[PDB]
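Below you'll find only one chain, the form deposited in one PDB entry, shown as structure tokens.
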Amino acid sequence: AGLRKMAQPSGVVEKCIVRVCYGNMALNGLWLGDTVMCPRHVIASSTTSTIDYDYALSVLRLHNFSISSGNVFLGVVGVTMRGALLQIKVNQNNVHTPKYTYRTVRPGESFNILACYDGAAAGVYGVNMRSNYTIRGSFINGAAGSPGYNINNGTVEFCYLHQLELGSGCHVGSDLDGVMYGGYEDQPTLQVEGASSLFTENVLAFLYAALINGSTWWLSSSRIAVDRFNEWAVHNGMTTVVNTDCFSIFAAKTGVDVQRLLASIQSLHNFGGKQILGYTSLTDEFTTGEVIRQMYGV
């Protein structure tokens, strides 16, 4: 019983964190094979005015780098630009490099953040990509380069490198190809993120976990078709439901079908002073896959 936002174990990723310093700037990098990836603003001269990154790279003194894994310093062989990352060839292979891939995640997908400072892991927590391409993180200056990852079958799928905080405390990274999520700019300028919409299919996975854990007070016999729901959703800060077949396993072992949960969603959009698994408002941070593993282990 129970539902907790949890991360996958972080040990295979801890071995890949390095400290990247250049000038007055210090952040984290990811050391896989013989290359270190890090946010390119580590070579930016300032962060009040706009940054010309191609110029910053042209004047780069390779020797002014300082890349270390613990007290083991890495010699820099070359530095090239990869979108909003630097790709830094170093003179040593990371013998502890795991099997790994890159994948760019979509809104509604969960992944793990290994929050790092000074090139060392400090914390690990799960996040979920919001519709405005931000995450509800906890990062302070020096956290950039912290990786986001998933682990499947012993392969580490790297999907995020931390970059910046938006005007509100939303957090933005890029993928490992160097493409900023949501197209935000790694410039210290006025940019405001769009309005976030609750990912409904995640809200449904949460309510099913709530049912599986004995929370039923919010459940109605009242029932609403997917159609009239989507009409209400777009005026009420939620997304549309498309595939309901991912809820077949949940309907099957609770006896509760989506349309009843969808109608519960509209009533709960207010909990009346009550709680659901400790929450006093709807959360879209849990995916059906997370919920399935926590209730059944598969």
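Note that residue numbering begins at 1 and tracks the sequence as displayed. For the two forms, the rigid core is made up of the largest set of C-alpha atoms that agree within 1.5 Å on superposition.
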* Checking the other PDB entries that cover both flanking residues: does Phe271 lack coordinates in at least a third? -> yes
* To do: Select one of none, 1 to 3, 4 to 9, or 10 or more to describe the deposited residues without coordinates separating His269 and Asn270.
  => 1 to 3
* Asked: Would 239-247 or 65-73 have the larger average of its C-alpha temperature factors, as given in the entry?
  -> 239-247
* **Greater mean Cα temperature factor according to the PDB record, 220-228 or 123-131** => 220-228
* Selection from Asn91, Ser174, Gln191, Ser146 [criterion: highest C-alpha temperature factor in the record] -> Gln191
* By the entry's C-alpha temperature factors, tell me which of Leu57, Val42, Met37, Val234 sits highest. => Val234
* What third of the chain, by the recorded C-alpha B-factor, contains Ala252? -> highest
* Consider only the C-alpha atoms of the modelled residues in this chain, order them by B-factor as the entry records it, and name the third containing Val258: lowest, middle or highest. => highest
* Would you check the entry's CA temperature factor for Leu3 and let me know if it's in the chain's lowest, middle or highest third? => lowest
* Structure fact -> Of the three thirds of the chain ranked by Cα temperature factor, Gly154 occupies the highest
* In terms of the chain's CA B-factor thirds, is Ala195 lowest, middle or highest? -> highest
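The following text describes the form deposited in another entry, which does not appear among the structures shown.
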* To do: Fix the rigid core, compare C-alpha positions between the shown form and the other one, and report which of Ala121, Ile151, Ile224, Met81 shifts by 2 Å or more.
  => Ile224
* Asked: Relative to the superposed rigid core, does the CA atom of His63 travel 2 Å or more between the shown form and the other one?
  -> no
* Taking the rigid core as the frame, does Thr47 move its C-alpha by 2 Å or more between the shown form and the other one? -> yes
* Align on the rigid core first; then say whether the Cα of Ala233 has moved by at least 2 Å between the shown form and the other one. => yes
